[PDB]
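Just the one chain here, the form deposited in one PDB entry, laid out as structure tokens.
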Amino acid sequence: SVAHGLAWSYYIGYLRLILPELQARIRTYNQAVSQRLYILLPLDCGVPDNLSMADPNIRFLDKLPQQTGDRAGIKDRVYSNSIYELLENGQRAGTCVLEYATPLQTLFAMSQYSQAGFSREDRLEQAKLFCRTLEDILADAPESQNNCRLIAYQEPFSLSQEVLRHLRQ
């Protein structure tokens, strides 16, 4: 399936490369930010560029120092991550590296382009299969050593509360 290929490329072309170096980048920034990469997986494939627009209680703090690596003819290809503070009744309840799983934008876009041959009704099913495949990959991956957490959800809602339930172990 397309969700199967998306989960494998997201692991091979991104997670496999940043998850080994992540704790070192977090330690560097901490000179406190939590140790895992928190990945938001909205099953509706709704991926806004601004997290604060999804929930005002999710607030951008700072960028994590960039990771660079020569890859496939690209000198110093850059991998960037953002740090967010999570508010709960006016209080900073958590601080973590947080982002949406970008392949869900591909599912959203493919469901909209007629040439992609993917119906708008198939988004939910493909997102669920992307989630399951990625969980199966990370469960058995050596690069994932208590440093990655997938947060999958369907709105019937507090996004910051869903993140916080995961942050609080």
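Only residues modelled in both forms are compared. Throughout, rigid core stands for the largest set of C-alpha atoms superposing within 1.5 Å between the two forms. The first residue of the sequence shown is number 1, and the count goes up from there.
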For this session: Pick one of none, 1 to 3, 4 to 9 or 10 or more for the number of deposited-sequence residues not modelled between residue 156 and residue 157.
Result: 4 to 9
For this session: For the stretch from residue 115 to residue 116, please bin the deposited residues that the model skips: none, 1 to 3, 4 to 9, or 10 or more.
Result: none
For this session: Between 50-58 and 131-139, name whichever shows the higher mean Cα B factor according to the PDB entry.
Result: 50-58
For this session: Decide which of the stretches 103-111 and 59-67 has the higher mean C-alpha B-factor, going by the entry.
Result: 59-67
For this session: Looking at the entry's B-factor column for C-alpha atoms only, identify whether residue 145 ranks in the lowest, middle or highest third of its chain.
Result: highest
For this session: Report the third (lowest, middle or highest) to which the CA temperature factor of residue 167 belongs, ranking only the modelled residues of the same chain.
Result: highest
Problem set entry | Position of residue 22 among the chain's modelled residues by C-alpha B-factor, lowest, middle or highest third | middle
Seminar exercise, completed: Of the three thirds of Cα B-factor ranks in this chain, residue 32 occupies the highest
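Below, we turn to the form deposited in another entry, even though it does not appear here.
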Exercise. Rigid core fitted, then: does residue 119 show a CA shift of 2 angstroms or greater between this form and the one not shown?
Worked result: yes
Exercise. Okay, core lined up, where does the chain shift between this form and the one not shown, counting runs of 3 or more residues with each Cα at least 2 Å away?
Worked result: 114-121
